[PDB]
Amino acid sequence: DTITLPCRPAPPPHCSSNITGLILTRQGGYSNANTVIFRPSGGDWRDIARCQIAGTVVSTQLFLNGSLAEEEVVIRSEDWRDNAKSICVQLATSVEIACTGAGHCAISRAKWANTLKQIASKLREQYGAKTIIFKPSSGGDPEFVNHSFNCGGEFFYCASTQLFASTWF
């Protein structure tokens, strides 16, 4: 019913936001299968900055309280062929993220599964009739391997491995 994100420290309820987009990295190399793998961005604050779709919330991996697209999900990249270029996703409908104040945040599983379906449909326009698989972050530093965000003078780190574990046709 919901997807849970373990956070540290514990974000209070007034930190609840609307997910308005995210930023991805396409996995490189030969595929030996008709699939394309996407993970949270392996970049840094510059990939997020060139997205130009954030609002007033400093965050990695997911964009909170930002601006939404006007018609449908829009994906933008410098070079789609370049795996070292991050894929910026701007949603048309926001997805509520609610944190309980006890140390975890929750996202509707039906709403997120609807959102990834729209994203996977948009990536297939750029990469063809291939299976779209999202996987967790490949690794990195805490504030970038986790969905981290600022709220009320404090910086929180939320693991997102439950948001990126699905296969779509």
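Residue positions are given as counts along the sequence shown, with the first one as 1.
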Next on the checklist: Highest mean C-alpha temperature factor of the two stretches 129-137 and 51-59, which is it?
Outcome noted: 51-59
Next on the checklist: On mean Cα temperature factor in this entry, is 100-108 or 36-44 the higher one?
Outcome noted: 100-108
Next on the checklist: Sorting by Cα B-factor within the chain, modelled residues only, which third would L22 end up in: lowest, middle or highest?
Outcome noted: lowest
Item to check | Entry-reported Cα temperature factor of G28, expressed as the chain third it lands in | outcome: lowest
Checklist entry - Against its chain's modelled residues, does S160's Cα B factor rank lowest, middle or highest third? => result middle
